[PDB]
Amino acid sequence: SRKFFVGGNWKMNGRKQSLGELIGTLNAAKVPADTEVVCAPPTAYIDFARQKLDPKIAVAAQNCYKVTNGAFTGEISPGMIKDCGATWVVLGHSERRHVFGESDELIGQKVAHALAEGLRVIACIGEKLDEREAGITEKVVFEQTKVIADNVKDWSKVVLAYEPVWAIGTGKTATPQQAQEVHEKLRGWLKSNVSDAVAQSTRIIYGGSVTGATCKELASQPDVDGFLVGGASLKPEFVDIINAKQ
Amino acid sequence: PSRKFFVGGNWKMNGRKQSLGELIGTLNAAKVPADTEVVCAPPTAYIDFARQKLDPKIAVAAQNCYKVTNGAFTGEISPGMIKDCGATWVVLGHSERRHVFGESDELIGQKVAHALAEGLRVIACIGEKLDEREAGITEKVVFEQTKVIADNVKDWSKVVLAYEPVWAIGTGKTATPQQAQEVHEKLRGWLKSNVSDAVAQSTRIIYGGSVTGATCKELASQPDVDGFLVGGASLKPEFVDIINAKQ
């Protein structure tokens, strides 16, 4: 019953010309009936991207703040994101946490506000290499997930994304089995701490390295319900990742 | 000689398409003197939208940007994207970036260097908090901030410096026109001493923090105050009175 979920995080990449070309490819692509597709453009192009993209693709903001309006130069609110036609926001992404210092407390508050305002949330968690090697993977990801869970009432509006931050330019990489074991642990957490119905119906998506060559094996893992895709999301290869269950 | 009067409107995180449409309609209708250079900084989601609706007489600015052209920086925008949306300016080092979101001087310096290399103009913001003001060290704080910016500028024709008394914002304290002029004079002296006399005399140093339609005239007439970076008042028709502060 869990609908396969493929998020494309464009990060800080592209211009109207190149992203227009990419959107033409995604508009033309056949999306499977069993798959939900979301694209997260740079904040300057949420509006542009929603206008050009076909309704079969939903649009996500890459981040947002925790009040509707205010003196927060450089921020955007859930209200603005909806006003541009986007229905999702990515929150707690590893880059926000570890490049820009976004705390769990702040991220939990963003989740609550985004959800209260009617957005759906891709909520990102994950451990760094020092944390994984000290043995505290479970501790880190369960705690991050708890802060998210404290600020979620309706889990039908949420997707969890596991980011193996330990495998980003570190000299280590995650196997499909290593991805699967974290994913099953997280699903057990949902069963244990909220509901068996929530555990079974919540998409837990893989946010580590995924390509067209690697996506089918990763998607076949029982507790991996799709991907939050990085670099490949800017290429036609993204459509191969959309087709990962076919 | 003669520094062109500069009025920037920082909308911050305010407005939607419809309410900003109404604000933009009010701005388009208003008389903008050729004396004045007007720039508006919409929320990042509406840079493109604002540029399409605004009359070309008003320039559009981003409220922040990052320091590379493209990369793995979820939630950031680059100068390339800002230019691509038709905006010509970027606000950098704003007090909220520095003190709410922890942006360091080093980071802000790097953003300045990149923005200018990419063909954007920069409103570079500086200013001291109340604990720094009450401890007698505003010069040290604002000069050091100005030095890091200065180190990353090669064309001062494309830069505007904005003094933001953070000490007189949300603290129950008022900054008088003499206090503003005191900081602006010393900043102009810094540029003379440390860059060149050509840069000191040609560069706009604008004032931020509680600019109203009543207070603007007396602030504008101060010899080293070359204009304004307006916050809350930039969402109101009162902004037009600040544009006409010299008139």
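Residue numbers start from 1 in every chain, and the chains themselves are labelled A, B, ... in the order their sequence lines are given, proteins ahead of strands.
- Interface remark: A:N13 contributes backbone and side-chain atoms alike to the contact with chain B (heavy atom separation under 4.5 Å).
- Within 6.0 Å of NZ on A:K157 lie more than 12 heavy atoms contributed by other residues, nucleotides or ligands.
- Here the NZ atom belonging to A:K52 is positioned 13.0 Å from the CD atom belonging to A:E21, to the nearest 0.5 angstrom.
- Distance alone, capped at 3.5 Å, places no donor-acceptor pair between the A:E133 side chain and the A:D130 backbone.
- Once rounded to the nearest 0.5 Å, the distance linking OG1 of B:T26 with CG of B:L20 reads 11.5 Å.
- Salt-bridge check for A:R132 with A:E127: passed, with a basic side-chain N closer than 4.0 Å to an acidic carboxylate O.
- Residues of residues 78-97 of chain B lying under 4.5 angstrom from chain A, judged on non-hydrogen atoms, are B:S78, B:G80, B:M81, B:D84, B:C85, B:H94, B:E96, B:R97 by number.
- Interface summary for chain A: among B:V100, B:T69, B:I47, the most heavy-atom pairs under 4.5 angstrom belong to B:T69.
- For a heavy-atom cut-off of 4.5 Å, chain B lies close to A:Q62, A:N63, A:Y65, A:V67 in residues 59-67 of chain A.
- Remark: side-chain polar atoms of A:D225 are paired, donor with acceptor, to backbone N or O of A:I204 under 3.5 angstrom.
- Looking at B:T215, its side chain never comes within 3.5 Å of a backbone N or O of B:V211 through a donor-acceptor pair.
- The interface of residues 104-112 of chain B with chain A, defined by heavy-atom distances below 4.5 Å, is empty.
- Interface remark: of the candidates B:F49, B:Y46, B:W11, B:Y46 forms the most heavy-atom pairs closer than 4.5 Å to chain A.
- Counting heavy atoms from C-beta outward, B:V122 and B:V160 have side chains that stay 4.5 Å or more apart.
- The candidate with the highest count of non-hydrogen atom pairs below 4.5 Å against chain A, out of B:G71, B:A45, B:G75, is B:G71.
- Applying the side chain to side chain donor-acceptor pair (under 3.5 Å) rule to A:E237 yields no partners; only residues at least two apart in sequence or on another chain are considered.
- Put simply, the side chain of A:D240 never gets that close to the backbone of A:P236: no donor and acceptor are under 3.5 Å apart.
- The residue among A:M12, A:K16, A:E75, A:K11 with the most heavy atom pairs within less than 4.5 Å of chain B is A:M12.
- Remark: the backbone N or O of A:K172 is paired with a side-chain donor or acceptor of A:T170 at under 3.5 angstrom.
- No donor-acceptor distance shorter than 3.5 angstrom exists from the side chain of B:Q145 to the backbone of B:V142, with no hydrogens or angles considered.
- No donor-acceptor pair under 3.5 Å is formed between the side chain of B:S19 and the backbone N or O of B:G15.
- Side chain of A:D54 to backbone of A:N27: no donor-acceptor contact under 3.5 angstrom is found.
- The candidate from B:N70, B:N10, B:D48, B:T44 with the greatest count of non-hydrogen atom pairs under 4.5 Å with chain A is B:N70.
- In this structure the side chain of A:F72 reaches within 4.5 angstrom of the side chain of B:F101, judged on heavy atoms.
- Ring geometry for A:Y206 against A:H183 counts as tilted: the plane angle lies between 30° and 60°, on a 0 to 90° scale.
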